[PDB]
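Take a look at the structure set out below.
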Amino acid sequence: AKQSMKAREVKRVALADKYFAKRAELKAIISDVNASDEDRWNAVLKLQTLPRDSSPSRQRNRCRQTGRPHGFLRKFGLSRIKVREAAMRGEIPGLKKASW
Amino acid sequence: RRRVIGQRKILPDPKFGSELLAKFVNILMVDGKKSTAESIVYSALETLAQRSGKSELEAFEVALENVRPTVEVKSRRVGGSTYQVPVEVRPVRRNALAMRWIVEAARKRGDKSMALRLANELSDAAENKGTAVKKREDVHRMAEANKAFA
Amino acid sequence: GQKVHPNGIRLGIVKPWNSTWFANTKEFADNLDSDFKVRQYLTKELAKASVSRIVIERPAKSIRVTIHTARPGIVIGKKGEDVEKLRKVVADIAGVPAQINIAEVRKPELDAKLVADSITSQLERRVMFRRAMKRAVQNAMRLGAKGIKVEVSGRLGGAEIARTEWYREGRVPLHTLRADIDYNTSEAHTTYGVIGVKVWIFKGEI
RNA sequence: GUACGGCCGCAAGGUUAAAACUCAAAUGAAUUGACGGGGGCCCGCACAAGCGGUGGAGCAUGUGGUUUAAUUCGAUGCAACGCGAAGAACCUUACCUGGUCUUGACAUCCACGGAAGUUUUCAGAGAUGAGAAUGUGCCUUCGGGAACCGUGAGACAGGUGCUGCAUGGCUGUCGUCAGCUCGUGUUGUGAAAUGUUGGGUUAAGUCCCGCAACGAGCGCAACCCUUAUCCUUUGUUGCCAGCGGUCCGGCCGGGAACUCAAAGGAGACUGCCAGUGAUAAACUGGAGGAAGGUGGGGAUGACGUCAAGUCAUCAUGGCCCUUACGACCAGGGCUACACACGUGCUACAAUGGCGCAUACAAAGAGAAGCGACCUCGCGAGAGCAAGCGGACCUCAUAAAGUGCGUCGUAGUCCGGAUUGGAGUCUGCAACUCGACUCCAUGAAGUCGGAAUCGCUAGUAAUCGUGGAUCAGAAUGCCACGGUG
RNA sequence: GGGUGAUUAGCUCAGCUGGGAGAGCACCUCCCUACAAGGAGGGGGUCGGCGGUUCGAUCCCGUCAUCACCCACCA
RNA sequence: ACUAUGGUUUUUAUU
Numbered sequence: 002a003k004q005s006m007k008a009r010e011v012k013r014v015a016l017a018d019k020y021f022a023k024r025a026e027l028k029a030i031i032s033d034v035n036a037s038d039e040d041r042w043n044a045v046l047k048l049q050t051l052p053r054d055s056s057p058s059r060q061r062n063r064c065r066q067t068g069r070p071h072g073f074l075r076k077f078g079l080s081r082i083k084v085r086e087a088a089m090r091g092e093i094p095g096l097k098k099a100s101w
Numbered sequence: 002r003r004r005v006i007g008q009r010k011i012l013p014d015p016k017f018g019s020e021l022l023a024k025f026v027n028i029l030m031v032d033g034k035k036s037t038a039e040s041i042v043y044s045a046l047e048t049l050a051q052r053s054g055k056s057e058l059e060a061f062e063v064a065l066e067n068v069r070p071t072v073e074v075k076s077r078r079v080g081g082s083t084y085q086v087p088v089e090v091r092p093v094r095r096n097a098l099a100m101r102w103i104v105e106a107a108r109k110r111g112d113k114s115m116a117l118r119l120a121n122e123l124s125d126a127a128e129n130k131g132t133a134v135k136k137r138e139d140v141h142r143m144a145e146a147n148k149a150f151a
Numbered sequence: 001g002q003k004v005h006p007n008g009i010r011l012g013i014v015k016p017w018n019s020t021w022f023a024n025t026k027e028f029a030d031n032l033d034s035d036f037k038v039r040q041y042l043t044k045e046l047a048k049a050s051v052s053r054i055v056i057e058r059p060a061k062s063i064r065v066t067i068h069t070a071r072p073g074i075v076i077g078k079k080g081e082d083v084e085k086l087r088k089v090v091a092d093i094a095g096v097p098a099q100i101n102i103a104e105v106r107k108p109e110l111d112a113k114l115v116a117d118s119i120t121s122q123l124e125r126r127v128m129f130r131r132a133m134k135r136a137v138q139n140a141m142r143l144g145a146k147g148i149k150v151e152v153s154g155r156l157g158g159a160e161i162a163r164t165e166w167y168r169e170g171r172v173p174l175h176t177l178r179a180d181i182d183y184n185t186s187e188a189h190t191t192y193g194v195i196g197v198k199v200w201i202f203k204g205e206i
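Residue numbers (the deposited numbering), protein chains in the order written: chain AN, 2 to 101; chain AG, 2 to 151; chain AC, 1 to 206.
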């Protein structure tokens with residue numbers, strides 16, 4: 002399990018949607034200039050790029066039922082093992098296993 | 002252990018209904034492409050008509066008969082160490098081997114235009130020298146020694 | 001080989017789902033998360049109510065929730081007000097209004113879910129293991145089954161060794177696509193080992 | 001059957017024939033396995049006949065072992081090594097180091113101070129540790145609380161740590177192989193045999209015949225799904241033969257003929273006839289038709305499996321740690337090679353390549369998304385913006401192929417890796433170890449050596465299209481189509 | 001009476017820079033398997049002793065002991 | 001053509 006991997010998820014993909022899923026305009030202002038060979042911004046780039054606990058990077062969704070980083074299916078909310086488990090029990094609509 | 006499988010006749014040619022030509026393109030087909038064979042078909046016979054080509058009634062069917070395979074073998078066994086035996090091939094196999102013998106003899110060394118490398122081989126297919134004949138006699142000198150104890 | 005439930009591998013053979021509904025392409029997985037939450041809640045509240053399955057339909061912009069029980073009198077209470085407090089919470093975790101449909105199971109000793117519970121009862125007081133499955137076979141064939149299979153695994157005796165026992169009666173037939181076979185696997189939670197229990201029951205083709 | 005003494009022999013020896021010491025089984029008889037360098041006999045892309053390959057070169061890429069501060073943990077008889085654990089700067093991480101806190105990231109009951117929160121400065125790699133402002137919400141049997149953020153107790157919490165020689169479950173595979181159980185009878189001293197053995201014949205205990213063996217189950221076979229041709233029912237955002245009008249566009253009326261998308265009937269049963277052969281059963285051949293001979297094909301998995309794997313999918317007995325085999329951060333290791341083995345893909349060409357035009361889709365995916373049109377520029381990119389909830393737009397001029405110029409055996413001015421220059425972007429950030437573009441750069445390499453693969457048909461051979469995973473980037477993993 | 005080699009690990013023995021304790025079989029133990037083979041890391045020394053030289057002596061000189069080996073020892 | 005040899009130990013079985 003290692004519950005610290007969910008403690009990352011809570012402050013990444015579950016908190017990024019209102020602040021980091023669109024943010025590239027907030028750095029592009031430092032490339033907004035009136036003329037070439039002229040500066041008005043200097044080192045303020047290191048203040049516009051100051052966050053480290055949150056990023057557009059390092060974002061893993063993980064399986065919402067097993068915390069597993071590989072073998073998740075977004076359309077069902079299940080992993081490779083639970084797709085069979087729900088299908089064999091008939092607990093998932095529209096999906097069948099054989100016989101076409 | 003019995004193969005003998007199905008039955009497959011294949012299709013004839015679209016321009017004259019030929020059964021031999023529609024099979025010969027399946028020997029010059031490489032990478033699943035028959036177009037490269039259709040650049041060599043008729044052009045080899047028309048390039049033979051720049052050097053020696055007299056009569057065309059059978060096209061190249063008699064060049065494939067002056068080319069004559071005879072030295073085919075099989076292996077016989079009752080355990081470990083095996084015994085070689087020669088085989089009397091059917092006309093359908095004799096023809097299928099003659100079709101490779103001549104196009105492999107035309108490929109023996111690198112040059113331009115396969116229709117022309119094959120026309121040089123078809124002009125030889127009235128006297129048959131070197132390629133498709135000199136290996137045959139050097140293994141035919143065992144053809145009765147490999148019958149002795151059946 | 002791979003075992004798996006005879007229900008969902010034969011669901012292409014005129015069989016019904018245990019959950020049947022249609023949802024939006026931006027929340028189908030979240031409605032299936034709800035479909036799990038309603039079962040994981042009800043199997044903790046109705047834990048003594050002899051439940052054989054919970055089936056989900058979603059008509060009328062609500063959730064129906066159909067509960068197959070051999071003890072409905074402790075689900076609905078005395079009468080119909082104890083469930084008004086229950087469906088309030090089912091509707092809370094579903095995000096929609098909730099109906100609740102309560103269905104009585106006539107023959108619980110014919111159902112693989114509750115036959116495994118009836119076997120688990122006698123493993124508490126450790127009766128002879130080879131009798132415990134024969135009573136479950138007898139009781140099910142006397143209830144209109146056309147064949148039954150059983151298996152019990154690990155710490156059945158007697159001594160420290162781990163062994164398995166089975167016995168089989170009548171028809172299965174596991175490759176028969178139309179057989180509509182009833183299946184279950186469970187554990188008896190004993191004070192040494194655990195004892196694993198398996199049951200397969202046949203009644204007739206569809 | 002060795003010793004000592006006797007007896008017989010010329011003699012090797014023959015004959016009489018011990019004891020001490022020593023172990024838990026030797027042996028006769030019939031029976032079931034299993035193997036043979038025994039016998040008969042079934043069948044296999046094991047052999048047979050054909051072709052395309054692998055074993056060189058350059059890159060990508062999988063494993064073991066030694067090593068190391070990590071080089072995570074597993075899978076070695078034939079059932080391990082493009083594999084479980086899908087896109088390694090930091091991440092994700094098990095592994096490893098230096099920090100920090102130990103009721104702890106995660107869960108609850110009680111006490112104690114605070115609302116939850118919102119802003120801003122300093123110390124520090126950061127975790128966090130110190131300040132300076134701001135807000136004081138909910139319930140008010142009117143008691144003082146709840147709830148929420150933390151902290152200090154008492155019980156506790158943590159563990160993808162180690163064990164399938166502790167297991168419930170999960171699983172490899174003989175094998176689509178035709179075989180296996182439950183009972184009753186009989187024979188045999190009994191274990192054991194029978195039947196399940198035999199005679200034809202099948203993919204098959206097949207389909208019949210037959211013996212002291214005969215029923216009921218699990219397999220085989222069937223169920224359900226899919227298709228060649230005719231007939232019918234029905235048609236938009238699909239179709240377009242006839243007919244009116246025409247952004248001349250199946251575009252709009254309109255038709256229902258024709259693709260197609262689709263439910264329903266017909267058709268195929270070894271049924272007919274010959275040949276073999278228990279005037280048997282069953283095959284081989286012929287006939288019909290669009291076409292048979294499990295129809296061509298799917299889902300297919302009877303028992304029992306190796307002194308076999310998996311506690312890293314989940315539980316769980318035991319061992320052990322918690323001044324940590326935690327967790328919160330900054331960096332490492334997973335891209336050490338001292339040596340041991342493979343799988344790909346591209347060029348090795350000419351029957352070909354290179355450049356520049358041109359024909360055809362099939363199937364997915366697409367409302368903070370697929371992104372047209374037109375551009376700014378050498379170009380990646382950047383700029384503006386329509387249609388589209390997808391039979392009504394977009395991803396998207398499919399590439400092989402068809403063609404015209406051009407290059408040529410020089411071991412390739414081919415193959416363009418590789419080393420530089422100029423860049424464009426993504427992110428806190430591109431030293432090693434990130435994509436993509438323009439202008440330079442210049443290399444190995446004639447299908448191979450012992451040896452050895454896969455397929456009998458839309459198969460082998462060969463060239464393109466799409467999707468999931470998604471900061472930026474797959475030669476990774478699965479479908480779709482042309483040629484055949 | 002004179003020369004020459006030895007005395008180092010339980011057993012057999014090597015001896016290159018003089019700052020040196022070691023190889024295999026035995027003893028202990030981990031890995032692979034429970035062993036063994038095979039891998040790897042350890043335990044245990046009178047380097048015969050004493051004196052001298054030396055920054056330090058198993059390691060070079062000298063000399064005492066015991067063992068081997070060629071010579072001399074009545075004529 | 002013909003084709004050497006295989007170190008130590010190895011189920012509970014109840015009523």
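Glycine residues also receive a C-beta, built at the ideal position from the N, C-alpha and C atoms.
Please name the residue, chosen from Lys148(AG), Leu12(AG), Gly7(AG) and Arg2(AG), that lies closest to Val86(AG) on a Cα-to-Cα basis. Counting from 1 along the second sequence, the entry for residue 86(AG) is found at position 85. The option with the nearest alpha carbon to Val86(AG) is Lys148(AG).
Let me see if you follow: with CB-CB separation under 7 Å, is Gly95(AC) close to chain AN or not? The residue labelled residue 95(AC) in the question sits at position 95 within the third sequence. With 7 Å as the cut-off, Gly95(AC) does not count as an interface residue toward chain AN.
Name the residues in the segment 8-26 of chain AC whose C-beta lies less than 9 Å from a C-beta of chain AN; which are they? Within the segment 8-26 of chain AC, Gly8, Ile9, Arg10, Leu11, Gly12, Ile13, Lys15, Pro16, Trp17, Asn18, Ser19, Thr20, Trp21, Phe22, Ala23 and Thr25 place their CB atoms closer than 9 Å to a CB of chain AN, listed in sequence order.
I think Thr50(AN) touches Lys28(AN), with their Cβ atoms under 8 Å apart; what is that distance to the nearest whole Å? The count along the first sequence starts at 1 and reaches residue 50(AN) at position 49. The count along the first sequence starts at 1 and reaches residue 28(AN) at position 27. Your pair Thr50(AN) and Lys28(AN) checks out as a contact, with CB atoms roughly 6 Å apart and the cut at 8 Å.
On the premise that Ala98(AC) lies in contact with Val90(AC), defined as a C-beta separation below 8 Å, what is that separation, rounded to the nearest angstrom? To locate residue 90(AC), count along the third sequence from 1; it is residue 90. To locate residue 98(AC), count along the third sequence from 1; it is residue 98. With a Cβ gap of about 4 Å, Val90(AC) and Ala98(AC) count as contacting.
Any idea what DSSP makes of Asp111(AC), helix, strand or coil? As a working mapping, residue 111(AC) is identified with position 111 in the third sequence. The answer is coil: DSSP assigns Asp111(AC) none of H, G, I, E or B.
Counted within 10 angstroms of its Cβ, other Cβ atoms place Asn18(AC) as buried (16 or more) or exposed: The residue labelled residue 18(AC) in the question sits at position 18 within the third sequence. With 16 or more Cβ atoms within 10 Å of its Cβ, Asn18(AC) is classed as buried.
Using 7 Å as the threshold, is the C-beta distance between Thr20(AC) and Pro94(AN) below it? By 1-based counting over the third sequence, the position of residue 20(AC) is 20. By 1-based counting over the first sequence, the position of residue 94(AN) is 93. Contact check for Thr20(AC) against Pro94(AN) passes: the beta carbons are separated by less than 7 Å.
Closer than 7 Å, Cβ to any Cβ of chain AC: which residues of the segment 86-98 of chain AN, in chain order? Listed in sequence order: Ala88, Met89, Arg90, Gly91, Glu92, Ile93, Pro94, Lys97 and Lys98.
Please classify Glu27(AC) as buried or exposed, where buried requires at least 16 neighbouring CB atoms within 10 angstroms. As a first step, residue 27(AC) is located in the third sequence; it is residue number 27 there, counting from the start. Exposed, since its Cβ has fewer than 16 Cβ neighbours within 10 Å.
Three-way DSSP call (helix, strand, coil) for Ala23(AG) in this model: Taking the second sequence and counting its residues from 1, one reaches residue 23(AG) at position 22. Judged by DSSP in its simplified three-state form, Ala23(AG) adopts helix.
Could you check if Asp32(AG) is buried or exposed, using at least 16 other CB atoms within 10 Å of its CB as the buried criterion? Indexing the second sequence from 1 puts residue 32(AG) at position 31. By the neighbour-count rule (16 or more Cβ atoms within 10 Å), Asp32(AG) is not buried but exposed.
Just the C-alpha distance for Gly154(AC) and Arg126(AC), rounded to the nearest angstrom, thanks. One-based indexing of the third sequence puts residue 154(AC) at position 154. One-based indexing of the third sequence puts residue 126(AC) at position 126. Going from the Cα of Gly154(AC) to the Cα of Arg126(AC) covers about 13 Å.
Got a sec? Which residues, its chain only, sit under 6 Å from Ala144(AG) by beta carbon, not counting five neighbours each side? Residue mapping note: residue 144(AG) aligns to position 143 of the second sequence, counting from 1. The beta carbon of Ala144(AG) sits closer than 6 Å to those of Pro87, all from its chain and outside the five residues before and after it, given in chain order.
Which ranges does the beta strand (DSSP E) cover as unbroken runs of at least 3 residues, wholly within the segment 87-156 of chain AC, from first to last along the chain? The segment 87-156 of chain AC contains these whole beta strand (DSSP E) runs: 101-104 and 147-153.
Would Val83(AC) and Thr66(AC) qualify as a contact pair, given that the criterion is a beta-carbon distance under 7 Å? Position 83 of the third sequence, counted from the first residue, corresponds to residue 83(AC). Position 66 of the third sequence, counted from the first residue, corresponds to residue 66(AC). No; because the gap between Cβ atoms is not below 7 Å, this pair is not in contact.
At the 7 Å Cβ level, is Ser80(AN) part of the contact set with chain AC, yes or no? Your numbering for residue 80(AN) matches position 79 in the first sequence. No, because no Cβ of chain AC sits closer than 7 Å to the Cβ of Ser80(AN).
CB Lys98(AN) to CB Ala88(AN), shorter than 7 Å? Taking the first residue of the first sequence as position 1, residue 98(AN) is located at position 97. Taking the first residue of the first sequence as position 1, residue 88(AN) is located at position 87. It is a contact, given that the beta carbons lie within the stated cut-off.
Hey, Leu156(AC) and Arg163(AC) are a contact pair by Cβ (cut 8 Å); roughly how many whole angstroms apart? Position 156 of the third sequence, counted from the first residue, corresponds to residue 156(AC). Position 163 of the third sequence, counted from the first residue, corresponds to residue 163(AC). That belief holds up - the Cβ atoms of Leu156(AC) and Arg163(AC) are roughly 5 Å apart, short of 8 Å.
In chain order, what residues of the same chain lie with their CB nearer than 6 Å to the CB of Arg39(AC), ignoring the 5 residues before and after it? Indexing the third sequence from 1 puts residue 39(AC) at position 39. These residues qualify, in order along the chain: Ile54.
If we ignore side chains and look at the alpha-carbon of each, how far apart do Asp33(AC) and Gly78(AN) end up? If you number the third sequence from 1, residue 33(AC) lands on position 33. If you number the first sequence from 1, residue 78(AN) lands on position 77. Put simply, the backbone Cα of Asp33(AC) is about 7 Å away from that of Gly78(AN).
So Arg178(AC) packs on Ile63(AC), CB below 8 Å; how close in whole Å? In the third sequence, counting from the first residue as 1, residue 178(AC) sits at position 178. In the third sequence, counting from the first residue as 1, residue 63(AC) sits at position 63. Between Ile63(AC) and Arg178(AC) the Cβ distance is about 31 Å, and since that is not below 8 Å, they are no contact.
Please report how far the alpha carbon of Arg61(AN) lies from the alpha carbon of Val34(AN), in whole angstroms. Start at 1 with the first residue of the first sequence, and residue 61(AN) comes out as number 60. Start at 1 with the first residue of the first sequence, and residue 34(AN) comes out as number 33. Near 36 Å, if we compare the C-alpha coordinates of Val34(AN) and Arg61(AN).
If we ignore side chains and look at the alpha-carbon of each, how far apart do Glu20(AG) and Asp14(AG) end up? Numbered from its first residue, the second sequence carries residue 20(AG) at position 19. Numbered from its first residue, the second sequence carries residue 14(AG) at position 13. C-alpha of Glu20(AG) to C-alpha of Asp14(AG): approximately 7 Å in a straight line.
Going by CA-CA distance only, name the one from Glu86(AN), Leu74(AN) and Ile82(AN) that's closest to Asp30(AC). Taking the first residue of the third sequence as 1, we reach residue 30(AC) at position 30. Per the Cα distances, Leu74(AN).
CA-CA distance, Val197(AC) and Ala116(AC)? Counting from 1 along the third sequence, the entry for residue 197(AC) is found at position 197. Counting from 1 along the third sequence, the entry for residue 116(AC) is found at position 116. If you take the alpha carbons of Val197(AC) and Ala116(AC), they lie about 7 Å apart.
Any contact between the segment 26-42 of chain AG and the segment 44-51 of chain AC? By contact I mean 3 or more CB pairs, one from each, below 8 Å. Counting Cβ pairs under 8 Å, fewer than three are found: no touch.
Could you give the residue range of the alpha helix (DSSP H) that holds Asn67(AG)? Residue mapping note: residue 67(AG) aligns to position 66 of the second sequence, counting from 1. Here the alpha helix (DSSP H) through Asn67(AG) covers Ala64 to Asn67.
Report, in whole angstroms, the separation of the C-beta atoms of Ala188(AC) and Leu114(AC), which I expect to be a contact under 8 Å. Locating residue 188(AC) in the third sequence gives position 188, counting from the first residue. Locating residue 114(AC) in the third sequence gives position 114, counting from the first residue. No, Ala188(AC) and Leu114(AC) are not in contact; Cβ-Cβ is about 14 Å, not under 8 Å.
Nonlocal neighbours in the same chain, by C-beta distance under 6 Å from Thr185(AC), ignoring five residues either side: The residue you call residue 185(AC) lines up with position 185 of the third sequence. Around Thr185(AC): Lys198.
Cβ neighbours of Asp182(AC) in the same chain (closer than 6 Å, five flanking residues each side left out): Here residue 182(AC) corresponds to residue number 182 of the third sequence, with the count starting at 1. Excluding sequence neighbours, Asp182(AC) sits near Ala112 and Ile201.
Taking 7 Å as the cut-off, decide whether the C-beta atoms of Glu62(AG) and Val90(AG) are in contact. Locating residue 62(AG) in the second sequence gives position 61, counting from the first residue. Locating residue 90(AG) in the second sequence gives position 89, counting from the first residue. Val90(AG) sits away from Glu62(AG), with the two beta carbons spaced by 7 Å or more.
Simplified DSSP state of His141(AG), which is helix, strand or coil: Numbered from its first residue, the second sequence carries residue 141(AG) at position 140. The three-state reading of DSSP puts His141(AG) in helix, counting H, G and I together.
Show which residues of chain AC have a CB atom less than 7 Å away from the CB atom of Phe73(AN). By one-based count along the first sequence, residue 73(AN) stands at place 72. Ordered by position in chain AC, no residue passes the 7 Å Cβ test against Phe73(AN), which lies about 10 Å from the chain.
Answer yes or no: do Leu46(AC) and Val75(AC) have a C-beta to C-beta separation smaller than 7 Å? Against the third sequence, residue 46(AC) aligns to sequence position 46. Against the third sequence, residue 75(AC) aligns to sequence position 75. Yes, they are a contact pair.
Do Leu49(AG) and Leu123(AG) have their CB atoms nearer than 7 Å? Position 48 of the second sequence holds residue 49(AG). Position 122 of the second sequence holds residue 123(AG). Their beta carbons are under 7 Å apart, which means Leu49(AG) touches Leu123(AG) by this criterion.
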